[PDB]
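Fold and contact review
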Amino acid sequence: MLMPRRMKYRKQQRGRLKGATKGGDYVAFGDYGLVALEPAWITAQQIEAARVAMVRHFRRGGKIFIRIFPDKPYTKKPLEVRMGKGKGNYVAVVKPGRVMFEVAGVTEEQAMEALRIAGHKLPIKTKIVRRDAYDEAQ
Amino acid sequence: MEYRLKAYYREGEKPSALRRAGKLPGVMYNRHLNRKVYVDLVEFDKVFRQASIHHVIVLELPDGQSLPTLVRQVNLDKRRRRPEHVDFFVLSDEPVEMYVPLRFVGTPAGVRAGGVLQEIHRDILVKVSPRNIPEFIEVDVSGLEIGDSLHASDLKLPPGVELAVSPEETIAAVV
Amino acid sequence: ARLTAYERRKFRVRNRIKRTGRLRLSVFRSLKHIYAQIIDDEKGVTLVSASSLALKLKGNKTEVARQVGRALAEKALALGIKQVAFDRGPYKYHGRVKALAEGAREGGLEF
Amino acid sequence: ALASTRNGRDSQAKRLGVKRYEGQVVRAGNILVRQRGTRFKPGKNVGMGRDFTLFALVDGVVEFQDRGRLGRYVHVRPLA
RNA sequence: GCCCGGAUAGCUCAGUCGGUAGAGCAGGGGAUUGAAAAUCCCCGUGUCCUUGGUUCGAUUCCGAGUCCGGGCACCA
RNA sequence: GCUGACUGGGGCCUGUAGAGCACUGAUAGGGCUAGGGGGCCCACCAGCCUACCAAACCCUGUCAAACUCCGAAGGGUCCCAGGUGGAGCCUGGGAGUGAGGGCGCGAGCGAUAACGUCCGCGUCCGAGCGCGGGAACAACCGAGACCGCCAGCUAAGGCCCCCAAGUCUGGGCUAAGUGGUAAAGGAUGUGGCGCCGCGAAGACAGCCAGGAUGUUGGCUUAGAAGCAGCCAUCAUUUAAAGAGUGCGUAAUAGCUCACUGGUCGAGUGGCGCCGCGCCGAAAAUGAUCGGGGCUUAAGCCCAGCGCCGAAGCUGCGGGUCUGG
RNA sequence: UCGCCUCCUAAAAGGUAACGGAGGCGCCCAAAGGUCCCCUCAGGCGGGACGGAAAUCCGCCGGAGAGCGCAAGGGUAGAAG
RNA sequence: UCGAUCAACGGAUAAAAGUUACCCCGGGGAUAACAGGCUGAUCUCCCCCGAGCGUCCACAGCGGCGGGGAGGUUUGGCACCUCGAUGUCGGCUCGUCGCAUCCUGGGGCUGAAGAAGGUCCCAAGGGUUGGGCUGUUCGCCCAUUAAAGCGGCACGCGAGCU
RNA sequence: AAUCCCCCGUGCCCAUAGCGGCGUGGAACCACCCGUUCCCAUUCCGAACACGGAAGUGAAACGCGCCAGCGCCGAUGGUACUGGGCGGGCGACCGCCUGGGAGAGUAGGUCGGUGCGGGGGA
Ligand SMILES: [Mg+2]
Ligand SMILES: [Mg+2]
Ligand SMILES: [Mg+2]
Ligand SMILES: [Mg+2]
Ligand SMILES: [Mg+2]
Ligand SMILES: [Mg+2]
Ligand SMILES: [Mg+2]
Ligand SMILES: [Mg+2]
Ligand SMILES: [Mg+2]
Ligand SMILES: [Mg+2]
Ligand SMILES: [Mg+2]
Ligand SMILES: [Mg+2]
Ligand SMILES: [Mg+2]
Ligand SMILES: [Mg+2]
Ligand SMILES: [Mg+2]
Ligand SMILES: [Mg+2]
Ligand SMILES: [Mg+2]
Ligand SMILES: [Mg+2]
Ligand SMILES: [Mg+2]
Ligand SMILES: [Mg+2]
Ligand SMILES: [Mg+2]
Ligand SMILES: [Mg+2]
Ligand SMILES: [Mg+2]
Ligand SMILES: [Mg+2]
Ligand SMILES: [Mg+2]
Ligand SMILES: [Mg+2]
Ligand SMILES: [Mg+2]
Ligand SMILES: [Mg+2]
Ligand SMILES: [Mg+2]
Ligand SMILES: [Mg+2]
Ligand SMILES: [Mg+2]
Ligand SMILES: [Mg+2]
Ligand SMILES: [Mg+2]
Ligand SMILES: [Mg+2]
Ligand SMILES: [Mg+2]
Ligand SMILES: [Mg+2]
Ligand SMILES: [Mg+2]
Ligand SMILES: [Mg+2]
Ligand SMILES: [Mg+2]
Ligand SMILES: [Mg+2]
Ligand SMILES: [Mg+2]
Ligand SMILES: [Mg+2]
Ligand SMILES: [Mg+2]
Ligand SMILES: [Mg+2]
Ligand SMILES: [Mg+2]
Ligand SMILES: [Mg+2]
Ligand SMILES: [Mg+2]
Ligand SMILES: [Mg+2]
Ligand SMILES: [Mg+2]
Ligand SMILES: [Mg+2]
Ligand SMILES: [Mg+2]
Ligand SMILES: [Mg+2]
Ligand SMILES: [Mg+2]
Ligand SMILES: [Mg+2]
Ligand SMILES: [Mg+2]
Ligand SMILES: [Mg+2]
Ligand SMILES: [Mg+2]
Ligand SMILES: [Mg+2]
Ligand SMILES: [Mg+2]
Ligand SMILES: [Mg+2]
Ligand SMILES: [Mg+2]
Ligand SMILES: [Mg+2]
Ligand SMILES: [Mg+2]
Ligand SMILES: [Mg+2]
Ligand SMILES: [Mg+2]
Ligand SMILES: [Mg+2]
Ligand SMILES: [Mg+2]
Ligand SMILES: [Mg+2]
Ligand SMILES: [Mg+2]
Ligand SMILES: [Mg+2]
Ligand SMILES: [Mg+2]
Ligand SMILES: [Mg+2]
Ligand SMILES: [Mg+2]
Ligand SMILES: [Mg+2]
Ligand SMILES: [Mg+2]
Ligand SMILES: [Mg+2]
Ligand SMILES: [Mg+2]
Ligand SMILES: [Mg+2]
Ligand SMILES: [Mg+2]
Ligand SMILES: [Mg+2]
Ligand SMILES: [Mg+2]
Ligand SMILES: [Mg+2]
Ligand SMILES: [Mg+2]
Ligand SMILES: [Mg+2]
Ligand SMILES: [Mg+2]
Ligand SMILES: [Mg+2]
Ligand SMILES: [Mg+2]
Ligand SMILES: [Mg+2]
Ligand SMILES: [Mg+2]
Ligand SMILES: [Mg+2]
Ligand SMILES: [Mg+2]
Ligand SMILES: [Mg+2]
Ligand SMILES: [Mg+2]
Ligand SMILES: [Mg+2]
Ligand SMILES: [Mg+2]
Ligand SMILES: [Mg+2]
Ligand SMILES: [Mg+2]
Ligand SMILES: [Mg+2]
Ligand SMILES: [Mg+2]
Ligand SMILES: [Mg+2]
C-alpha cells in the first residue's frame, strides 16, 4: 500500500508542520518534477492515487520516482471519548518546496499533463518544474 | 561556447536589499583570495542555464580585471526554488577537481531499437589543470550491450587530464 | 591489535600511583641498563635522576640496581625529599626493580 | 494488556546534575556533581562516592577541565 | 444505508512454497461378471465472478464496483 | 541593614530550535554480489542464466518524541560592579488561598475539531464589569481612576452626515458595492514586469486562388474507390494537396480543411510573474458595511501634513500618608 | 489504575500534567564480596579430523558495536569486563 | 533482631459484603440524561480531478481512485447558562418560514421522430388525497392523484389538548 | 655550563598527532637477540613475566622523515533557527525590525606540536 515493515514504535506524536522542506527539493532523478507549495500530511492512499493516475496516463510506459514515503503512523479513536490513544489506522510529512513524484523518459507534453493530473489528487497546491544547472551535479 | 557575466564588489549593504534590488549576492575565492561580490540575477541566470558549473565563466567585474571562475556552489532557497547566493571559484595553474558533462555517442549499438537506454551519470568529477579543460567528453563504446556496467577509465579521457575517479562505478547500462 | 598489554599495565599502575599525589619515583629498565627518575606532576617536572648509564657501573644487573637506588636516595635526600611513591612502571616488583627500590631506602623511603 | 491503558508509569526525577560551577567557593564535603555514569571524573582534591558522586576534598574553588578523550574533570583549587 | 464473508468445468468442495488446477460425484469407455451393482483403471470442458494495480508473471499478492449470505443504531 | 528584582562584564553548566545520518531504526532509485526463489542439465559432487528473493558493500536520494557525528538564540549559577526600592534578609503575631479563566507562544491528548482537555513560559480578567478604541462585549488595542476645574497636550483609534476632527495634498489600483467573504479548482476581467516563437525573404484576420499520380491502397467487400471498417500510409510529380482532417453518402456525383501562391500592411501568437478583482457561492421571523450613504471614493496600496481623541501627561487649587 | 526503577513527553539548569507513548522491580551473589597480581572484547576473512551458521585450535584485521546477574539509561577495556 | 501484597504501598479497626423502582435529607448546573450553545468526526448536499462504462464518443446518462467545501436536519464530542425545576416521544390543533423543487409555470441539453422520458437550469405564488398495520416518527401496503417534496421554528407548538 | 642536533625516559595539548605506501637509523641509547644455572615464571609453552648475558640484527618493534588515496581538522560568504520588538493568515502557517547566529557544504589545512630530565654530540 505504502508503509514501513518493522517499526521501532507503533505510535508517535503529531508534531508541527513548521518550516521549508529541508531537503528533497532539488529534482535528482528525472526530467520533470512535482513540488509542494504547502505543508501537509500526505497519505499513503493519496500517494498511490497519484502514482496510478500517472501510469494510467501513459501507456504503462515512462518511468516514475515518487520520493516521499509514509513512515509516520496516523492514529484515530472510534466514536468513543478519551481513554488512552490509538488506534491503527500512515502519512508522509511534506513541507513547501519538496519534490515528490518526479517522472522521466517521456515527452514534456506527456509528463506535464500527467503531473497536472497527479496533483489534483493531492491535498495541497503544487508546482510543475523541469531541471537545471540549479539542480547542480553531485 | 565561451561565457562572461559581470560582477561588482560589496562590503556593507545587507543581502536582503541587494536581493530586492534584482541583484544576487555571492562570494569570490580561491587559495590566494576571498572577496565579497554581487551580480545581476537576470543577467547571471541566462549565463548559468548555459554554463552550469560545467563550462568556465570569466566574470568580468571592475578594475576591470577579467577573472576565470568556476561556479562551485549555488544555494537556492527552497521555498521559491530560485538562487539565493553563488560561489565563484577563481582558477590559477594548479590542478583542480571539477564536473565534466558527458556525450553519449552511438546508436544503442547492439540490442538496438531497443532495450532501455539508462544513463546513470550526466557528469564526471575529474582532476584537471585549468589550462586544458575538456569542455565535453565523447563516450561511445559501441560494445554497448545488455546488463554491463562501464567503470571509469573506459572513458575517452580527453587529452588534458585524469579522473577524480572513483575508477569503479556505474555510468550506463541496457535492460 | 591496538594499545598493547605492555602499554595497558603501563597506564594501569601509573594512574593508581598518580592519584595519591606524592612525588613519583619512576623506574625504566632496559635489557642493558636501569634508570630511575623522581617526578612531580602538575608541574610536569623531574627533580632527581640516577642511572646505571651516568654512574657507569656493571656486572650482576640486580646488584648494579641496588646501587643506583642508593645513588638516588643520597642525591635526593639532599634536597629534602623523603616520602615518595614507587612507580614500578610496567615491571613486576621483583629482582632488578625490587633491588633498586630496597636500595632506595637508606634515604627517602617506605619501599 | 493493549488498550485500556498498559502505560501510565514513570519514576521520580532524580535531580541530577552539576551542583557547583567554576569558581564557586566550596568547603570540604560539598558535593560538586551528581551523576549517573563517570560523566565527569574526579580531579584534584575531589572524591568520588559509590554512586559516582563527586565532592570537594578540601575547601577551595572549583575549576572545570576538558581533557579531550580523557573526559571532563572537576578539581578543587585550595587557598582553602 | 453501515463494518465482515463467499463466488471456480455439469453440480458438490478442495486448493498460501506467486511461479504446469486436481480429487471425488455425475457422463463415455475399459477390466470385472452369465448380465448388471459395487470396486479398480482412464477420459475431458473451467479463455477458473468483471475491472485498475504489483510483479518478468498473479485463479493464487491489493483496492474498490456487483449479483447473493452474516453480524449492525429511533425517541423519550 | 545594601545585600533586592532588573542590568554590564567575566567564567562554568546544558543537548532543545535548526540540522545531520556517524549509532538505533525506517527508507526511494541504481550497481555489485553471499544464500536460494529452482528454468532445470542433474537426478555424481556438478551447474549455469536470472526485468523474482538478498544480506552486507558502493552510488545517487530521504525520515525519526523514546536516533545524534553536530548544535545556535536563550536559560541556570557564582564572582565583580550599577541598582535606596511598598526592595532584600532574620525572628515572631494575624490571615486568606489550595474550583480559576481568556489570550500569546511551546508541547501532549484530540480530528494539523471545540468558547475541548492537560502541562510549560508570559500576560491580563479575577480583584481594574472604573476610563478611551474595537457598533454593542471580563480578559484584543490604549491606559493603572486621591479630590475638584465651562483650561492644555496626547494614546489607541479616528477626521463625508448620525459623530469630535480633512469632503486634506500628491502618485498609482479596483468597477465588483469588491470593499462589507469562504476553499480546491477554474477563467482573452483588468493594470504592470518579464521571457520565448513567428513577422516587411512582408507574418496572425479575413478575402481572391490549387483542391494529387500508379489506385479500387494492399486490406475489405452487393461497395467504403479517406468519412458503416483493421491499415504494407509506401514509389512518384510539384513553387503545391495526407492513398486524404470533417460535413456528404445510391460506396462514387456534389463538399471542406490541412498544406501552398497571392491580395493588404503592422504587429501577432505562446509562457511565466506580481496587484486588484470575477466564478466556484444553498437555510430556515425583516433586512442592512453599526446605519445613512460612498465609485478619479467616504474602497485598497504608497508618501505626507494638520487636526479630533482617555480618569494617561500638563497647568491651578485641595486632601491624606511617607520621607526630608 | 494505585508504591518503586528506566526512557520519552520536558520547551539544551532543576522541576513540570493527562484514563499521553514504551518497558521493568517486590529479587539475586559466601562469590556475583575486599585486595594484590595478570589478562582484553564482539564481529569479519583465511586455515584446521570427527565439528555443522555456530564447541575447540592458528593466523591476520576489528576502539569498542561485547561484557558488566535481570529493565532501560548513563557509564565503562588507561576497566566497571 | 523478628512478625506487615498494612501492594488503596504516609500504612481509619485487632476484626467487615451487597440491595433499594419503597426510599429520605443536605448539596451541585463544580456533574449525567432533554433542549440550546461551541465543534462538525459522522451525516445530507455540492464542487475539483477524470481511470473507465456508454457501438464511436462532446461527460446523452454514468463516474473508480484521490482532492476541496457547504449546510447543522443524524449519531456523537465537549460540559458553557439553566438541578431554590428550561415537563420527555408520538398524535391533534394552529401555523409560519427555507429551498437543496414533489406538482403546476418558463427554460438548455438528449443516445429528443411523435407521444412519453431522462438529466441539468430558473422559479417558494399556490397546491401537495383518503385508508389497513403499528404508541410509533419512519416504513410497508390498498385505492387514487397534477403531485402524494425535504427541512427549520427548544426533534415548532402540554399556563392549547391528548 | 646556555644554544642547536640525535637518542632515552617522562609529562602536556587530545587525531592538524591517525591508517596506508615509501624511505631511513645500530657507534651510542633502545629492541629484537644468546641462554634457563640461579631469583622468578606458564590453568600447557622462558610466548609472556623473570633472571644471568653480549656473539649477531635493525628483519620485527621503536625513532626520524617524506607522500593528501582514506581518516582527522576546516574558513569566508549565504542560509536555517532565535533573545527582544512588530505585522499578516479561516487555518496549516507566513513575513518585517533590531540584536545573536549554526549544521551540511565549498575554499583550504594536516603525515604533529611541546615541557621537564637525562645520555651523546654542539
Ligand atoms: Mg540533503
Ligand atoms: Mg489527514
Ligand atoms: Mg461520556
Ligand atoms: Mg491540489
Ligand atoms: Mg525520569
Ligand atoms: Mg466374459
Ligand atoms: Mg460389461
Ligand atoms: Mg548596593
Ligand atoms: Mg552568565
Ligand atoms: Mg527536528
Ligand atoms: Mg542512519
Ligand atoms: Mg530530536
Ligand atoms: Mg563543528
Ligand atoms: Mg552591588
Ligand atoms: Mg512584599
Ligand atoms: Mg509571618
Ligand atoms: Mg483540595
Ligand atoms: Mg487544584
Ligand atoms: Mg490549570
Ligand atoms: Mg503571532
Ligand atoms: Mg478552557
Ligand atoms: Mg483552543
Ligand atoms: Mg494563564
Ligand atoms: Mg472569586
Ligand atoms: Mg492586576
Ligand atoms: Mg456588562
Ligand atoms: Mg471597553
Ligand atoms: Mg464604545
Ligand atoms: Mg466600547
Ligand atoms: Mg476593560
Ligand atoms: Mg493611581
Ligand atoms: Mg466611525
Ligand atoms: Mg463633524
Ligand atoms: Mg478628496
Ligand atoms: Mg458591500
Ligand atoms: Mg459584500
Ligand atoms: Mg487619489
Ligand atoms: Mg496615511
Ligand atoms: Mg491637538
Ligand atoms: Mg498639586
Ligand atoms: Mg504610604
Ligand atoms: Mg536518550
Ligand atoms: Mg529537563
Ligand atoms: Mg527548560
Ligand atoms: Mg530544564
Ligand atoms: Mg507492570
Ligand atoms: Mg574472533
Ligand atoms: Mg573460520
Ligand atoms: Mg555497551
Ligand atoms: Mg543498560
Ligand atoms: Mg543492560
Ligand atoms: Mg547501558
Ligand atoms: Mg491509600
Ligand atoms: Mg497513598
Ligand atoms: Mg512518596
Ligand atoms: Mg492498624
Ligand atoms: Mg447498608
Ligand atoms: Mg422494585
Ligand atoms: Mg410505601
Ligand atoms: Mg425511608
Ligand atoms: Mg433533596
Ligand atoms: Mg426541549
Ligand atoms: Mg446536549
Ligand atoms: Mg437554553
Ligand atoms: Mg462542515
Ligand atoms: Mg461548519
Ligand atoms: Mg459546492
Ligand atoms: Mg448536538
Ligand atoms: Mg457546566
Ligand atoms: Mg473545564
Ligand atoms: Mg436541571
Ligand atoms: Mg426560579
Ligand atoms: Mg412545517
Ligand atoms: Mg434553485
Ligand atoms: Mg416545472
Ligand atoms: Mg417543463
Ligand atoms: Mg426538459
Ligand atoms: Mg417531446
Ligand atoms: Mg412555491
Ligand atoms: Mg411549500
Ligand atoms: Mg379494522
Ligand atoms: Mg393502532
Ligand atoms: Mg418501523
Ligand atoms: Mg398517506
Ligand atoms: Mg435532536
Ligand atoms: Mg418538541
Ligand atoms: Mg398537560
Ligand atoms: Mg410556558
Ligand atoms: Mg409552554
Ligand atoms: Mg575527533
Ligand atoms: Mg648494536
Ligand atoms: Mg654494525
Ligand atoms: Mg626496521
Ligand atoms: Mg565543516
Ligand atoms: Mg558563518
Ligand atoms: Mg522573534
Ligand atoms: Mg560551519
Ligand atoms: Mg596525517
Ligand atoms: Mg616529548
Ligand atoms: Mg642534553
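Per the PDB entry, chain D carries the name 50S ribosomal protein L27 and comes from Thermus thermophilus. Under its PDB record, the entry appears with the title "Complex of 70S ribosome with tRNA-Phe and mRNA with C-A mismatch in the second position in the A-site and with antibiotic paromomycin". Taken from UniProt, the Function comment for chain D reads in full: "Found on the solvent side of the large subunit." Reading the Sequence similarities entry of the UniProt record for chain D gives the comment "Belongs to the bacterial ribosomal protein bL27 family."

Going by what the PDB entry lists, chain B is known as 50S ribosomal protein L25 and is assigned to Thermus thermophilus. In its Subunit (literature references left out) section, the UniProt record describing chain B reads: "Part of the 50S ribosomal subunit. Contacts the 5S rRNA; has been isolated in a complex with 5S rRNA and uL5, 5S rRNA and DNA binding protein II; 5S rRNA and uL18; 5S rRNA, uL5 and DNA binding protein II."

What chain D contains, in helices and strands, is zero helices and eight strands. Along its sequence from the N terminus, chain D presents helices and strands in the succession β-β-β-β-β-β-β-β. Projected onto its principal axes, the C-alpha positions of chain D cover 60 × 30 × 20 Å. Sequence-distant contacts, at least 24 apart, represent 42% of the contacts inside chain D between residues at least 6 apart.

The biggest cluster of nonpolar side chains holds 24 residues, and the ones touching the most others in it are B:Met28, B:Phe44, B:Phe48, B:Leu59, B:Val71 and B:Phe88. At the level of elements, β2 (23-30), β3 (33-40), α2 (41-50), β4 (69-77) and β5 (82-90) of chain B are the ones that each hand at least two residues to this core. At four residues, α2(B) tops the list of elements feeding residues into this core. Apart from residues no more than four positions distant in its own chain, B:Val71 is found in contact with B:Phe48, B:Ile53, B:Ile57, B:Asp87 and B:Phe88. Of all hydrophobic cores here, the second largest spans 22 residues; its members include A:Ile42, A:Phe58, A:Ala92 and A:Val94.

Time to look at the interface of chain A and chain B. Across the contact, 20 residues belong to chain A and 16 residues belong to chain B. Taken together, the two surfaces of chain A and chain B that pack against each other cover about 1,600 Å², and 53% of this comes from carbon and sulfur. It is A:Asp25, A:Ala133 and A:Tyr134 that lose the most area in chain A upon contact with chain B, and together they represent 39% of the buried surface on that side. Between the two partners, chain A and chain B, sit four salt bridges. In this structure, B:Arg81 and A:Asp135 form a salt bridge, with 2.9 Å as the shortest nitrogen-oxygen distance.

This part takes up the pairing of strand β3 (residues 45-51) of chain C. Residue and element names in this part refer to chain C. In the sheet, strand β2 (residues 34-40) pairs with β3 via six bridges, with the strands oriented antiparallel. Note that in β3 the partner of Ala36 across the bridge is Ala50. Where β2 folds back on β3, the antiparallel hairpin that results is connected by four residues, among which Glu42 adopts a positive phi of roughly 80°.

A word on the protein's contact with RNA strand F. In the vicinity of RNA strand F, 52 residues are found, and the nearest of them are A:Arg14, A:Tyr26, A:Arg98, B:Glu169 and D:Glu22. Within 4 Å of the protein, the contacting atoms of RNA strand F are drawn from sugar and phosphate to the extent of 77%. Within the contact set of RNA strand F, a phosphate oxygen lies 3.3 Å away from a side-chain nitrogen or oxygen of A:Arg5. With respect to RNA strand F, the backbone of A:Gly15 contributes an N or O atom lying 2.8 Å from a phosphate oxygen. By residue class, the composition of the surface near RNA strand F is 18 nonpolar, 14 polar and 20 charged.

This part takes up the protein's contact with RNA strand I. For RNA strand I, the set of nearby residues contains 58 residues, the closest of which are B:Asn34, C:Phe28, C:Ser30, C:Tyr35 and D:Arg69. Backbone atoms, meaning sugar and phosphate, form 81% of the atoms of RNA strand I found within 4 Å of the protein. Here a phosphate oxygen of RNA strand I and a side-chain polar atom of C:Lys32 are 3.2 Å apart. In this structure, a phosphate oxygen belonging to RNA strand I sits 3.3 Å away from a side-chain N or O atom of C:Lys58. Looking at the surface near RNA strand I residue by residue, the class counts come to 13 nonpolar, 19 polar and 26 charged.

For the rest of this paragraph, the subject is the packing of helix α1 (residues 44-57) of chain A against helix α2 (residues 108-120) of chain A. All names here are of chain A. Running from amino to carboxyl end, α1 crosses α2 at an angle of 150°, the nearest separation of the two axes being 8 Å. With respect to α2, the element α1 is oriented roughly antiparallel. Classified by chirality, the crossing of α2 by α1 is right-handed. Contacts between α1 and α2 involve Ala50, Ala53, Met54 and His57 from the first element and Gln110, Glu113, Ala114, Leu115, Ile117 and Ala118 from the second. Classifying every residue of the contact of α1 with α2 by side-chain character gives seven nonpolar, two polar and one charged.

Glancing now at the pairing of strand β1 (residues 24-29) of chain C. If a strand is regular, its side chains alternate between the two faces of the sheet. Residues and elements named next belong to chain C. The sheet contact formed by β1 and β2 spans six bridges and is antiparallel. In the sheet register, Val27 faces β2, and the bridge partner there is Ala36. Here two bridges tie β1 to strand β4 (residues 85-86), and the two strands are oriented parallel to one another. The partner of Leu25 across the bridge, within β4, is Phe86.

Quick look at the packing of aromatic side chains now. Think of a pair of aromatic rings as described by two things: how far the centres are apart, and how the planes are tilted against each other in angle. Here the structure, examined in full by the defined rule, presents 11 aromatic pairs over all chains. Three or more aromatic residues joined by ring pairs form one cluster here, namely A:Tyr134, B:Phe44, B:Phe48 and B:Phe88. Over the ring of B:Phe136 we find B:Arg103; its NZ or CZ atom is 4.8 Å from the centre of that ring. In this arrangement the basic side chain of D:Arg67 is found over the ring face of D:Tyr73, its NZ or CZ atom lying 5.8 Å from the centre.

About the thresholds
- The numbering scheme restarts from 1 for each chain and tracks the written sequence of that chain rather than necessarily the entry's numbering. Residues without coordinates are not displayed.
- Naming scheme: in the order in which they are written, chains are lettered from A and ligands are numbered from 1.
- Here we see some chains out of a larger assembly; the values all refer to those chains and nothing more.
- Values reported for side chains reflect all heavy atoms of the structure, with hydrogen atoms and water molecules removed beforehand.
- Residues with missing side-chain atoms are left out of burial classes, side-chain pairs and their counts.
- UniProt positions are given in the numbering used here, feature names are shortened, and annotations may be inferred rather than shown by experiment.
- Helix and strand definitions here come from DSSP, where helices need a minimum of 4 consecutive H or I residues and strands a minimum of 2 consecutive E residues; each element is numbered from the N-terminal end.
- Whether two residues are in contact is decided by their heavy atoms: any pair within 4.5 Å suffices.
- We define the nonpolar core as a collection of buried residues of types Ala, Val, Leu, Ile, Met, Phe, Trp, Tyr and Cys that are connected through side-chain atoms lying within 4.5 Å of one another.
- Burial here depends on accessible area, computed with a 1.4 Å probe over protein chains only, as a share of the maximum for the residue type. Under 20% is buried, over 50% is exposed, and the range in between is partly exposed.
- Accessible area that two parts lose when put together, evaluated with a 1.4 Å probe and summed over both, is termed the buried area.
- When a carboxyl oxygen of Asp or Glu lies within 4 Å of a side-chain nitrogen of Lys or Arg, that pair is called a salt bridge.
- Each pair of strands is called paired provided DSSP finds at least two bridges between the two strands.
- When at least one non-hydrogen atom of a residue lies within 4 Å of a molecule or strand, that residue is treated as near it.
- Each polar contact in these results corresponds to two N or O atoms within 3.5 Å; when the atoms are within protein, one needs to be able to donate a hydrogen and the other to accept it, and residues that are neighboring in sequence are counted only if both atoms are side-chain atoms.
- Note on residue classes: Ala, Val, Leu, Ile, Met, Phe, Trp, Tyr, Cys and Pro are nonpolar, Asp, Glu, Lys and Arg are charged, and everything else, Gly too, is polar.
- Fitting a line to C-alpha atoms yields each axis, with helices limited to the stretch in contact; the angle taken between N-to-C directions then spans 0 to 180 degrees.
- Note on angle classes: values under 35 degrees are labelled roughly parallel, values over 145 roughly antiparallel, values of 65 to 115 roughly perpendicular, and the remainder oblique.
- Helix crossings are classified by the rotation of the near helix relative to the far one: an anticlockwise turn of less than a right angle makes the crossing left-handed, while a clockwise turn makes it right-handed.
- Here is the rule: rings of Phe, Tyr and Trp (six-membered ring for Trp) pair when centre to centre is within 6.5 Å. Planes less than 30 degrees apart are stacked, more than 60 are edge-to-face, and the remainder are tilted.
- When the NZ atom of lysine or the CZ atom of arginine is within 6 Å of a ring's centre and also within 35 degrees of its normal, the charge is said to sit over that ring.

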